[PDB]
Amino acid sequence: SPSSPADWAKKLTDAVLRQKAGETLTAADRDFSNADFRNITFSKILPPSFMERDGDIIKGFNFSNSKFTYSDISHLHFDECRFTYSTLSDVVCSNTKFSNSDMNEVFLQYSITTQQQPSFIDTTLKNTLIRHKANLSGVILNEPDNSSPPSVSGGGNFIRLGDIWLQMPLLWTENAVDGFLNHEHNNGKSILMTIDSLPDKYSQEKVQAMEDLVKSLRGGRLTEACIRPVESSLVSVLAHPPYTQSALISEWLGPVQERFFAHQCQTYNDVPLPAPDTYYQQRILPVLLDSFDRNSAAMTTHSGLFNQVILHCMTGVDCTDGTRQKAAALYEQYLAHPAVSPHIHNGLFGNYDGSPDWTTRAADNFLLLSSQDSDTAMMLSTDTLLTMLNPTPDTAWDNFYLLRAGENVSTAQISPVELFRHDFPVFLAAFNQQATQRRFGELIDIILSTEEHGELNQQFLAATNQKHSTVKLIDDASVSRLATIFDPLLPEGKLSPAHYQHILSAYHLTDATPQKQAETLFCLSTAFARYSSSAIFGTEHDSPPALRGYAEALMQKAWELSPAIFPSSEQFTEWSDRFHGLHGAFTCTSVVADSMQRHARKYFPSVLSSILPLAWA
């Protein structure tokens, strides 16, 4: 006795149902101390107004020392509330909002199943254990005491974020690194982003918390391979002030940033960078500038990467003016480099004086160096350079002035694609990939009825234009869409042969060989796996069913052809499962999609690059 949460749920319901009906609840009426809420799905016992944007709030309630555990307060918004001494461990709080509240001495280690990320506005979290991924842009920090780091049955030591406790791992496994540091693999959710989110004013409680973390890494062993998956994630946050002014963070970052750069010069010097989204534009471009700044040699001997980085800094819509200025500056270097000097001509380049005219994109503002003959060069304008980089169905190529070295050299006898060959590898890749993005483009239309589901027919194509998609297709209106779209494309489980017939022809290869045919639509499966995984159309624990159906359909119809190309009879079964839930329900299909593609780039990798959007490679 007394009774279950089923009691308190009903009690709460009315309290707010009346609170919203106008009644200014007595304090006694809204005192819910020691309230049992475990396994309560508030979504099922409150009106929808309480979990929508506009928002009905839960104001003035006192849940001091209460139990939510396996509870679900996702999308709810608590205001002027006291949780002090309450546990919230294993609570699914997808996008929950706590404001003007007292959440002190609470155990806020919410369920990993949480999607969005809880946020705390003008709320205190004194001596409380939180997961290292809350939105704390409105959190109140007060000088810490001493007390005791909780703890319980978990893992490693604790560090303070002001008066907030955060729990380190027991040991930096590859998985530890991922859940903690890799916000790029987890829709912007890492311990990095978390402590970086505090108001630009708590700037020593932060630098502190980083330094502390950084230590627990310095104290870990972390082979140059543990940190490779996150070189970017890390450098996205700590290669910026206020962290640039530690000594630790600054010193520890050193190698990591160098490794970052080098890796980029290898990967993207002969190859197009996916048109930078708003994060890349704000957190990566600055860093590449810094690295080019500190390595003036690279500006020339990685002309490929450099130019790209500049164009993008100066075209990106979300680029801090600082970036735009530093990028303009660094180009002035380049443009005065003795390797480049000769190619620049007053009355020809940029503003006819010797610099670019950054005021009009029609201006011949770029001079790329050849990767073979340092004395041959291409001059072209911001507009044409953007389209040659991330092309379009009908993007012209023959649209530049060749310089050697010496004035304009006549085209109309030069095959631009044989020019890109060794002189300008970037465009080769762009042109080459544009050809492969067209066939796969056809399939997208064969299955999303040209202009019916025309909204989704485009959402799908847009996702192929870089590694991470901010938009996700998992709801109720969204799950219905695709199950009505793929269901008929696969009568009773497998691959409708009248559709295997479509995709026979529309990849310019009906009859060839089962060994190649298997590899072909295997890749197509690792393509649709990627579609349904995290980082694209699903979150780390919720992948579109139908997209996993179509994906499983494809590798099943790859097993009958040449199963000898696969890894094992264990793997097909191991994978073909996953697409259905016999195997947990987390790390998404980001394992299936990642591993299937990994077993491609080895054993038969030529086919991976002909179907697989460049951005997903």
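Heads up: residue numbers just count along the shown sequence, starting at 1.
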- Note on the structure: Quick note on 442-450 and 121-129: per-entry mean CA temperature factor is higher in 442-450
- Quick one: say whether 512-520 or 206-214 has the higher mean Cα B-factor in the deposited entry. 512-520
- Note on the structure: Among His183, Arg283, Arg404, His345, highest Cα B-factor in the entry goes to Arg404
- Tell me, please, which of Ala327, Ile503, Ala363, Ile112 has the highest C-alpha B factor according to the deposited entry? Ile503
- What third of its chain, lowest, middle or highest, does the C-alpha temperature factor of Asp36 fall into? middle
- Message: Looking at the temperature factor on the CA atom of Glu492, which third of the chain's modelled residues does it land in?
- Response: highest
- Would you mind ranking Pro150 by its C-alpha B-factor against the rest of the chain and naming the third, lowest, middle or highest? highest
- For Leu25, does the deposited CA B-factor place it in the lowest, middle or highest third of the chain? lowest
- Task: Would you mind checking where the Cα B-factor of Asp102 ranks among the modelled residues of its chain, as the lowest, middle or highest third?
- Result: middle
